[PDB]
Structure formats: structure tokens, C-alpha cells
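Those protein sequences? They're chains C and A, same order as listed. Under the deposited numbering, the first residue of the first sequence is numbered 4, with each subsequent residue one higher. Heads up: the second sequence is residues 367 to 397, 503 to 533, going by the deposited numbering. Cβ coordinates follow ideal geometry from the N, Cα and C atoms, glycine included. Here the structure is laid out as C-alpha cells; the discussion comes afterwards.
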Amino acid sequence: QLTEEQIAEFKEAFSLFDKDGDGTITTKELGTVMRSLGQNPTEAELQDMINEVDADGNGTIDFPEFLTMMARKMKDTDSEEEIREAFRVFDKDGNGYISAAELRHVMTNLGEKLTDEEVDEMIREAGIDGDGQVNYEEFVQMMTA
Amino acid sequence: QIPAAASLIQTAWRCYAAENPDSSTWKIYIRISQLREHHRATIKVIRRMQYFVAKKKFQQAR
Ligand SMILES: [Ca+2]
Ligand SMILES: [Ca+2]
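Shown next as C-alpha cells:
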């Protein structure tokens with residue numbers, strides 16, 4: 004379940020980040036790619052990203068570790084349960100629904116802070132009911148399908 | 367815990383929405504004037520890395 008087309012793309016993507024050519028991705032190089040996309044990542048964020056990919060612990064990302072990151076499952080039963088368990092945080096009475104107004108507040112004003120247009124699209128896909136509630140199992144399913 | 371929960375949800379949704387070439391999640395990169508292929512490449516990678524970071528912190532907090 005990995006083709007020579009898939010590997011060529013992942014290898015070309017690996018080199019957009021490895022500006023050095025030394026076969027290894029540094030926090031500095033990752034910060035340079037992010038900063039050119041107009042993001043302003045802190046060093047703390049860059050080190051967390053590198054540390055979640057760096058499997059052997061030498062502070063850099065080689066190509067095999069890059070491959071593991073790109074091929075790691077995101078739509079599996081275990082990830083499904085983590086996202087579901089993340090929504091239950093905001094389901095105060097455990098009834099499977101979050102208030103659309105509470106959802107948009109959390110999505111725009113906590114964590115990474117999505118934009119209002121991003122939340123519009125997000126909430127339009129699950130639908131709001133007559134009661135202003137959002138069935139959040141709809142996100143868990145449509146994101147892991 | 368609430369910040370870790372919100373970041374897991376938001377980084378998962380940014381990965382999912384980035385699969386749609388016409389999603390409004392692409393409109394936030396105002397530093503790029505014309506989104507090209509290598510741009511959609513690196514963005515998708517970054518968002519993926521930010522999801523695994525948030526998954527890790529959510530596990531610690533729950
Ligand atoms: Ca390098
Ligand atoms: Ca390494």
C-alpha cells in the first residue's frame with residue numbers, strides 16, 4: 004500500500020523542506036518554509052513538530068521518518084475515538100450535541116483559532132437543527148470516512 | 367481539558383478541509504498571491520504535523 008508515484012511526491016515534498024540537501028529537516032528549515040507561507044511560528048511550535056516526527060531522537064527529520072509521518076493513518080478507529088473524545092469535552096450534558104453558538108466560540112477563540120469563514124464551512128456541513136444544536140458525531144464520521 | 371480538546375478538533379478539521387481544493391481554508395494564506508502546487512504540498516504537510524502534535528497533547532490531557 005505504497006506506490007512509486009506516492010514515494011516520488013513525498014520525496015519532492017521532503018526536498019521543499021530540506022533546503023540544505025543534507026537529507027535532514029531542521030527546525031530552522033521548517034521555520035523558513037512556514038514563515039514564507041506567512042505564518043509566524045514560535046520556536047516552541049517548531050520543536051514540537053520536529054519532536055513528534057523525529058522517531059529516533061536526534062532532533063532532525065530524515066526521509067524514513069518523513070515517510071512514517073506521511074503514511075500514518077488519520078481516519079482509523081483509534082483516531083476517530085480521540086476526535087470524538089475531544090468533542091465530548093464540550094458536550095457539557097453528554098447528549099451528543101453541542102450548541103452551534105458554543106461550537107463557533109470555541110473554534111474561533113480557543114486553541115489555534117479558526118477563521119469565521121472556516122467555521123461557517125465547518126458548521127454548514129453538519130447542519131444546525133431547529134434547536135441551534137450540532138450533532139458532533141457528524142464531524143467524527145465525515146472527517147474519518 | 368479544553369485547550370487541548372479545541373486544538374485537536376481544529377487541526378483535524380484543517381487537514382480534512384485541505385483535501386477540498388475549493389475550501390475556504392485556502393483563503394487564509396494571504397502572503503501567497505497565487506496558490507501553486509508546491510504551495511498546496513507544503514501546507515498539507517505542515518497541517519498534518521500540527522495534527523499529530525495536537526493528538527499528542529490531547530492524549531496527555533485525556
Ligand atoms: Ca537540512
Ligand atoms: Ca531523526
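Counting only Cβ pairs nearer than 9 Å, list the residues of chain A close to residue i.
i: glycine 114 (chain C); result: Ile368, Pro369, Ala370, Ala371, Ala372, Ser373, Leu374, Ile375, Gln376, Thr377, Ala525
i: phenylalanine 93 (chain C); result: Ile368, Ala371, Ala372, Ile375
i: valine 137 (chain C); result: Correct list: empty, because the minimum Cβ distance to chain A is about 12 Å.
Using 7 Å as the cut-off, classify the Cβ of residue i as near or not near the heavy atoms of ligand 4, replying yes or no.
i: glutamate 32 (chain C); result: With respect to small molecules bound, the structure shown includes ligand 1 and ligand 2 and not ligand 4.
List the residues of chain C that residue i touches, going by C-beta distances under 8 Å, in chain order.
i: residue 348 (chain A); result: Given that chain A is displayed from residue 367 to residue 533, the structure contains no residue 348 (chain A) and the question cannot be resolved.
i: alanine 384 (chain A); result: Chain C residues near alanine 384 (chain A): none, gap ~11 Å exceeds 8 Å.
What residues from chain A crowd round residue i, counting only those whose CB sits closer than 7 Å?
i: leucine 19 (chain C); result: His509, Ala512, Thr513
i: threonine 118 (chain C); result: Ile394
i: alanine 11 (chain C); result: The premise fails here: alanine 11 (chain C) is roughly 12 Å from chain A at the closest Cβ pair, so nothing lies under 7 Å.
i: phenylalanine 90 (chain C); result: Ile375
For ligand 1, is there a heavy atom less than 7 Å away from the beta-carbon of residue i?
i: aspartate 23 (chain C); result: yes
i: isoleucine 28 (chain C); result: yes
Sorry if obvious, but does the Cβ on residue i come closer than 7 Å to a heavy atom of ligand 2?
i: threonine 513 (chain A); result: no
i: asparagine 386 (chain A); result: no
i: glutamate 55 (chain C); result: no
Could you tell me the distance, in whole angstroms, from the CA atom of residue i to the CA atom of residue j?
i: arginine 127 (chain C); j: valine 137 (chain C); result: 10 Å
i: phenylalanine 69 (chain C); j: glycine 135 (chain C); result: 42 Å
i: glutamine 376 (chain A); j: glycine 26 (chain C); result: 31 Å
i: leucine 5 (chain C); j: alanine 74 (chain C); result: 9 Å
i: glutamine 531 (chain A); j: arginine 91 (chain C); result: 16 Å
i: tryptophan 392 (chain A); j: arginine 507 (chain A); result: 11 Å
i: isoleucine 131 (chain C); j: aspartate 59 (chain C); result: 46 Å
i: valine 56 (chain C); j: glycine 133 (chain C); result: 44 Å
i: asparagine 54 (chain C); j: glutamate 12 (chain C); result: 23 Å
i: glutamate 7 (chain C); j: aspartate 81 (chain C); result: 28 Å
Cβ of residue i within 8 Å of Cβ of residue j?
i: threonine 63 (chain C); j: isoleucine 28 (chain C); result: yes
i: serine 504 (chain A); j: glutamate 121 (chain C); result: no
i: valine 516 (chain A); j: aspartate 51 (chain C); result: no
i: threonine 35 (chain C); j: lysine 22 (chain C); result: yes
i: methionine 146 (chain C); j: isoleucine 101 (chain C); result: no
i: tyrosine 522 (chain A); j: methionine 77 (chain C); result: yes
i: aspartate 94 (chain C); j: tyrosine 139 (chain C); result: yes
Determine the chain C residues that contact residue i at a beta-carbon separation under 7 Å, and present them in chain order.
i: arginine 397 (chain A); result: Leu40, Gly41
i: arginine 533 (chain A); result: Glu88
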